[PDB]
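> These protein sequence lines map, in sequence, to chains L, G, N, w, i, m and v. Using the entry's author numbering, the first residue of the first sequence is number 13, and each one after it goes up by one. Going letter by letter, the second sequence gives residues 50 to 119, 125 to 238 in the entry's author numbering. Going letter by letter, the third sequence gives residues 2 to 70, 88 to 204 in the entry's author numbering. Going letter by letter, the fourth sequence gives residues 660 to 681, 696 to 706, 711 to 727 in the entry's author numbering. Using the entry's author numbering, the first residue of the fifth sequence is number 18, and each one after it goes up by one. Using the entry's author numbering, the first residue of the sixth sequence is number 254, and each one after it goes up by one. Going letter by letter, the seventh sequence gives residues 3 to 66, 155 to 167, 175 to 227 in the entry's author numbering. C-beta atoms are modelled at their ideal positions from N, C-alpha and C, and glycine is treated no differently. Mind having a look at this structure? Questions to follow.
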Amino acid sequence: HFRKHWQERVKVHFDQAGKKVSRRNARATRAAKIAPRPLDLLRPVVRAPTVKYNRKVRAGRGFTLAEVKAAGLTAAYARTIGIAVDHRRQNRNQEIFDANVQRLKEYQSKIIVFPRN
Amino acid sequence: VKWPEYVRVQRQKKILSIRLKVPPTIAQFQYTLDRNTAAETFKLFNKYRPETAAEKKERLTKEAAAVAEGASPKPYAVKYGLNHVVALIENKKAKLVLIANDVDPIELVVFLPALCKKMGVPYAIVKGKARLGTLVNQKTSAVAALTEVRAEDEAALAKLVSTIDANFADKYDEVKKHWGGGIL
Amino acid sequence: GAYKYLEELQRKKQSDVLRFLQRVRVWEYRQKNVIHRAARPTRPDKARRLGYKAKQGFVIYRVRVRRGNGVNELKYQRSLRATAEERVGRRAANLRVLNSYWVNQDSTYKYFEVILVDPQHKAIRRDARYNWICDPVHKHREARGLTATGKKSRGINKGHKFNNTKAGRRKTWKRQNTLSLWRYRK
Amino acid sequence: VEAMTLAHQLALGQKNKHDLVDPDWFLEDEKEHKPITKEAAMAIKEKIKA
Amino acid sequence: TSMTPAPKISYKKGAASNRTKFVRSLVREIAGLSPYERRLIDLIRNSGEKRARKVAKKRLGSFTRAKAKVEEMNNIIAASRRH
Amino acid sequence: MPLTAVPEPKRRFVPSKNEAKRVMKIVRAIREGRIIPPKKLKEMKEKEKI
Amino acid sequence: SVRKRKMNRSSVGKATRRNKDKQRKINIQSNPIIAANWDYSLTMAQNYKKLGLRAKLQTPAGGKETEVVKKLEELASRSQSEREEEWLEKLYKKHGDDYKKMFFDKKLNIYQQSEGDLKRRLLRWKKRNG
RNA sequence: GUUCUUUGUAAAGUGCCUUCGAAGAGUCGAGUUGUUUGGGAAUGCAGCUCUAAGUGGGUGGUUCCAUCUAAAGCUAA
RNA sequence: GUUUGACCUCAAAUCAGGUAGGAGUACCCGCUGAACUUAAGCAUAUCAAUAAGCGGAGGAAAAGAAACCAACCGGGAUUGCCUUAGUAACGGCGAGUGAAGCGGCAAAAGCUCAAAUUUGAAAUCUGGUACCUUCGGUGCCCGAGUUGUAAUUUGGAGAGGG
């Protein structure tokens, strides 16, 4: 596969180390600006499609509205506490829903919220 | 000789409109209310001109001054907003509907007379949107209607509606006849 | 709201009333210059649903464009709507092009109405819902095919049907036709 | 020109009659403001011969 | 197991929103008929749906829309011929 | 029958809230001294311009 | 380059800037308690672990409470206008506990407030007044 | 961290009960001609004849079923 | 009314103030666009949706929160890297062209209008003037707007009340 001018565009990843260092510095800056809160939002536990991988359990974008309601809070208030909320993900597994509810309940207990003022 | 391009275009537009055949939905205007009944309707409407910016500001300032030192009835005025008028119509809330015959977008108001007829609300067409605008402190409104007339003028409004029925709805009940604009 | 009635009426373009309206309007625009400003939009509902507002700063323009394209068989896929938007933007470079809508057409020429917003007017600059258009990155949206017609021409849409140009055909071609080499060869 | 193409199309059984129906300064614009066949174009060009 | 979590936009396919139906009927009455709808009704007056369906199919891209157009034309004719 | 029910709101049977808002805003502005009451404005047409 | 060659040859000098060192040592600026306990010598993850705060919620890639008491301690460490108060005074002195009668009082109850709202306002007035 | 103001019968947050229930047209789509993609399912676009409905429409799949609501717009890494 | 005035359209000011050309151009967004070369000589093909040319932007740009992907115990903005893969697929299966779901990681932010009457008060805003605690704020005035500016709202519903 060398019928083109590929020699004009030969991207060599010499920067790997510098890019990793820059990513670490960006993470440190985010922590400095987001010190009290975690760097990443609490993602749910979800099951994968593509049965070749359905046996695997992996994270997801955010909890569904039903999961948030069952967790004892609201979607609008959940976002401010860093809980990821998905308005398009429908719940179709009772076992996964129970695990998500338990995870949300544990997260609510582990979090401490400072006064709004 | 020569004349301005815009003048020539507008003059030719009149000839085209006169000579061109229009569908029954169009030309429903220009079959307007007679001069006398339209004048009476405008006289009645003038008694209910909505409060203008200056008058409203004066009233609010007077109220503020009175409050600073230490229960009026519901205001009455004509409803003229096209969106507001259309929302009032089809709800059986309007008693009299006025429609301008010179709306620049014709399609904007073709359905309003037919919609009023379907809803049974009395309606009339008057010449000139400028006349409608003048009585509502606006440049143009293209429509005008009454919703809550005072008891003193309730009989006058009822008589005006009854007269307008015969004057316009009965005289022009055949407006759907052969296409207009058939002039040599 | 009367806008629903206007939208429904505009759908029956083949109707006799709309046919006569188009016949009158095409001649009215054919007497005027190729590009001429419009005092008010002829389709208030379409403009309103396209972001039009009856406030100082918004301008409505009308432009005429020739129709048609084996010497003449060359496609030159430049769309008529895109050409009209580019022409009105060039004539109104100080303005910004938001979108355009079909209003009329003729056997020899097409007619489109375009909505423009002046970023210099304080009303737009002080409006939170419209101050975004004043960003320099939004300069000459039509010139880069950022309008609805431009985006449609570029084929930028979700799904497998637009994989070739899901994020720009040139960008995808450059990314795919590039040899990737790491420090530690795989 | 298109009249000759329509006549040629009607000559053969591709289409028939049923398919067919299935101011001076203003008339001038009206007069001045469909697919065609190469065979019909050649036929009309030949017919134009004096 | 099944959970039937909650409805979506696809569940908003409810009634015709009679206000919208009234608006559509008013527009149809005021707007009139298109040049092909005129031919359709003219053939229905004497030829019935036989030719009208074929004309609609030729004008439209599929017969599913042609049958709906024929039904709409018949509904309009029924009211017009008596009301 | 009307095309839709649309239950009426309380704002169509109660004095306008926006009118009260502007009244109170004008009261506050006058209290702050940046708005001369109409009485003083009228009096200035006789206590001044002499 | 063209411009660069002239700039070096020119006597205008250069806008020398040195901030590479400052790009790494970034002082925490979103909390006083953490700042007084944060250690710039250790990494962000190490500092979070020492303080006890969870740096990451998801499982990190690759293998890896006095301060918390201070955070918890942080948890432990509006009257009606004159016109409204006067209106409530009139309502109380003219009707009293007759909420149903007050609801139908066209004169005083220009705003057709519900019985619940009226009694809620009256309770606050009683709490704040005699 | 310290301090001046608020306010006005003003704006929002959850549960329950009562009454209602607006979504983008020369647009989707069809045939023609050109171009382009691995896209054989005709992949997208453009010029042209015609012109769609709201218990509707688009994209897929074993008698039907699975998923979204285009034809308006903004957005930091 | 043999008149005067309302509008609608169209004119000119060295009217008051703003906006545009152009330059740079590695990267970005569109239009236009070949050949040498490679093949079974060759029109399909490859060179190439490249070279050059034109127009429009910034530190990044585009795209971006599905009329998506999938057929599962289903995933849930876009973008970037390994893999999927030199597989599916295309190509006189001829040289050759050639993807995408899923899987592992970086980053993760959602949203704003149209369409239901503020209708018990166009409550919206530009501009001119006098002041001030001048990246703007207040009073006053002409105007833009009712052919729709304020508030709420986008199915994640939503709206009128208790």
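#1: Unbroken beta strand (DSSP E) runs of length 3 or more, entirely within the region 94-130 of chain N: which are they?
#2: Can you list, in chain order, the residues of its chain whose CB lies under 7 Å from that of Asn95 (chain G), leaving out five sequence neighbours each side?
#3: Cα separation between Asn226 (chain v) and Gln210 (chain v)?
#4: So if DSSP puts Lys133 (chain G) in a beta bridge, which residue, or which two residues, is it bridged to?
#5: To the nearest angstrom, how far is it from the Cα of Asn105 (chain L) to the Cα of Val58 (chain L)?
#6: Let me know if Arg147 (chain N) comes out buried or exposed under the rule of 16 or more other beta-carbons within 10 Å of its beta-carbon.
#7: In chain v, which residues lie less than 9 Å from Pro268 (chain m) when you measure between Cβ atoms?
#8: Which residues, taken in chain order from the region 54-74 of chain i, show a beta carbon closer than 7 Å to some beta carbon of chain N?
#9: Give the interface partners of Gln123 (chain N) over in chain i, defined as CB-CB distance under 7 Å, in chain order.
#10: Quick check on residue 122 (chain G) - is its C-beta less than 8 Å from some C-beta in chain i?
#11: Please state if the CB of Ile61 (chain N) and the CB of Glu160 (chain N) are separated by a distance shorter than 8 Å.
#12: Does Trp28 (chain N) have its Cβ less than 8 Å from a Cβ in chain w?
#13: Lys5 (chain N): which of N:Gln15, N:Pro45 and N:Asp17 sits nearest, CA to CA?
#14: Under 8 Å Cβ-Cβ, which residues of chain N neighbour residue 170 (chain L)?
#15: Could you name the residues that DSSP lists as bridge partners for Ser19 (chain i)?
#16: What would DSSP say about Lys23 (chain L), mapped onto helix, strand or coil?
#17: CB-CB under 8 Å to residue 4 (chain L), same chain, minus the five flanking residues each way: which ones, in chain order?
#18: Could you tell me the boundaries of the alpha helix (DSSP H) in which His677 (chain w) lies?
#19: Between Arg68 (chain G) and chain w, is there a C-beta pair that is closer than 8 Å?
#20: So does the region 155-174 of chain G actually touch the region 7-25 of chain v, counting three or more Cβ pairs closer than 8 Å?
#21: What does the alpha-carbon distance come out to for the pair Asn221 (chain G) and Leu82 (chain G)?
#22: Would you kindly check if the distance between the Cβ of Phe200 (chain v) and the Cβ of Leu215 (chain v) is under 8 Å?
#23: Determine, using beta-carbon pairs with one atom in the region 40-54 of chain N and one in the region 121-135 of chain N, whether at least three such pairs fall under 8 Å.
#24: Quick one: residues in its chain with C-beta nearer than 6 Å to the C-beta of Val18 (chain N), no 5 flanking neighbours on either side, listed in chain order?
#25: Assuming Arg99 (chain N) contacts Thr167 (chain N) (C-beta within less than 8 Å), just tell me the rounded distance between them.
#26: Which bits of chain i does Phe109 (chain L) rub up against, with CB to CB less than 9 Å?
#27: Give the straight-line distance between the Cα atoms of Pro176 (chain G) and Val215 (chain G), rounded to the nearest whole angstrom.
#28: Pair every Cβ in the region 275-286 of chain m with every Cβ in the region 163-178 of chain G, then say whether three or more of these pairs are closer than 8 Å.
#29: Specify, as a first and last residue, the run of the beta strand (DSSP E) that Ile179 (chain G) falls within.
#30: Go to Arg98 (chain i), then tell me how far its alpha helix (DSSP H) extends in each direction, as first and last residue.
#31: Kindly indicate if chain i contains any beta-carbon less than 8 Å away from that of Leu169 (chain G).
#32: Would you check if the distance between the CB atom of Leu142 (chain G) and the CB atom of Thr90 (chain G) is smaller than 8 Å?
#33: Looking at the C-beta of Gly52 (chain N), does it have a partner C-beta in chain G at a distance below 8 Å?
#34: Among N:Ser171, N:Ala3 and N:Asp153, which one has its Cα closest to the Cα of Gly135 (chain G)?
#35: How do the region 52-61 of chain N and the region 137-146 of chain N stand: do at least 3 beta-carbon pairs fall below 8 Å, yes or no?
#36: Does any residue of chain G bring its CB to less than 8 Å from the CB of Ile279 (chain m)?
Here's the rundown:
#1: 114-123
#2: For the purposes of this step, residue 95 (chain G) is taken as residue 46 along the second sequence, with counting starting at 1. Answer for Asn95 (chain G): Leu189, listed in chain order.
#3: Taking the first residue of the seventh sequence as position 1, residue 226 (chain v) is located at position 129. Taking the first residue of the seventh sequence as position 1, residue 210 (chain v) is located at position 113. Cα to Cα, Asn226 (chain v) sits roughly 21 Å from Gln210 (chain v).
#4: Here residue 133 (chain G) refers to the residue found at position 79 when the second sequence is read from its first residue. Paired residues: G:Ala199.
#5: The residue given as residue 105 (chain L) occupies position 93 in the first sequence. The residue given as residue 58 (chain L) occupies position 46 in the first sequence. Each residue's alpha carbon lies about 10 Å from the other.
#6: Counting from 1 along the third sequence, the entry for residue 147 (chain N) is found at position 129. By the neighbour-count rule (16 or more Cβ atoms within 10 Å), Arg147 (chain N) is not buried but exposed.
#7: For the purposes of this step, residue 268 (chain m) is identified with residue 15 of the sixth sequence, where counting begins at 1. Here the neighbours are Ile207 and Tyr208.
#8: none
#9: Walking along the third sequence from the start, residue 123 (chain N) turns up at place 105. None at all; the shortest Cβ gap to chain i is about 16 Å.
#10: Inspection of chain G shows residue 119 followed directly by residue 125; residue 122 (chain G) is thus not represented.
#11: Position 142 of the third sequence, counted from the start, is the residue given in the question as residue 160 (chain N). Position 60 of the third sequence, counted from the start, is the residue given in the question as residue 61 (chain N). No, the pair does not count as a contact, with Cβ atoms beyond the cut-off.
#12: Within the third sequence, numbered from 1, the residue matching residue 28 (chain N) stands at position 27. Yes, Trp28 (chain N) counts as interfacial toward chain w.
#13: Residue numbering aside, residue 5 (chain N) sits at position 4 when the third sequence is read from its first letter. That would be N:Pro45, whose Cα lies nearest to the Cα of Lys5 (chain N).
#14: The first residue shown for chain L is 13 and the last is 129, placing residue 170 (chain L) beyond what the model contains.
#15: Translated into the one-based positions of the fifth sequence, residue 19 (chain i) becomes position 2. DSSP output for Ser19 (chain i) lists no bridge partner at all.
#16: For this step, residue 23 (chain L) is matched to residue 11 along the first sequence. Strand.
#17: In this structure chain L extends from 13 to 129, so residue 4 (chain L) is not present and cannot be described.
#18: Within the fourth sequence, numbered from 1, the residue matching residue 677 (chain w) stands at position 18. Its alpha helix (DSSP H) spans residues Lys676 to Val680.
#19: In the second sequence, residue 68 (chain G) corresponds to position 19, counting from 1. Cβ-Cβ to chain w under 8 Å: yes for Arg68 (chain G).
#20: no
#21: Against the second sequence, residue 221 (chain G) aligns to sequence position 167. Against the second sequence, residue 82 (chain G) aligns to sequence position 33. Roughly 7 Å between the two C-alpha positions.
#22: Here residue 215 (chain v) refers to the residue found at position 118 when the seventh sequence is read from its first residue. Here residue 200 (chain v) refers to the residue found at position 103 when the seventh sequence is read from its first residue. The answer is yes: Cβ separation under 8 Å.
#23: yes
#24: The residue given as residue 18 (chain N) occupies position 17 in the third sequence. Within the same chain, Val18 (chain N) has no close Cβ partners at all.
#25: For the purposes of this step, residue 99 (chain N) is taken as residue 81 along the third sequence, with counting starting at 1. For the purposes of this step, residue 167 (chain N) is taken as residue 149 along the third sequence, with counting starting at 1. Indeed they touch by this definition, with Cβ atoms about 4 Å apart.
#26: Stepping through the first sequence from its first residue, residue 109 (chain L) is reached at position 97. Within 9 Å Cβ-Cβ: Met20 and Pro22.
#27: Reading the second sequence from its first residue, position 122 is the one you call residue 176 (chain G). Reading the second sequence from its first residue, position 161 is the one you call residue 215 (chain G). Cα to Cα, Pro176 (chain G) sits roughly 7 Å from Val215 (chain G).
#28: no
#29: Mapped onto the second sequence, residue 179 (chain G) falls at position 125. That run of the beta strand (DSSP E) goes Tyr177 to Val180.
#30: Taking the fifth sequence and counting its residues from 1, the one referred to as residue 98 (chain i) is at position 81. From DSSP, the alpha helix (DSSP H) with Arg98 (chain i) extends over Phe80 to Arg99.
#31: Taking the first residue of the second sequence as position 1, residue 169 (chain G) is located at position 115. It does; some Cβ of chain i falls within 8 Å.
#32: Taking the second sequence and counting its residues from 1, one reaches residue 142 (chain G) at position 88. Taking the second sequence and counting its residues from 1, one reaches residue 90 (chain G) at position 41. No, the pair does not count as a contact, with Cβ atoms beyond the cut-off.
#33: Within the third sequence, residue 52 (chain N) is the residue found at index 51, counting from 1. No, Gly52 (chain N) does not count as interfacial toward chain G.
#34: Mapped onto the second sequence, residue 135 (chain G) falls at position 81. When only C-alpha atoms are compared, the closest one is N:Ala3.
#35: yes
#36: Counting from one through the sixth sequence, the residue named residue 279 (chain m) turns up at place 26. Chain G contact via Cβ: present.
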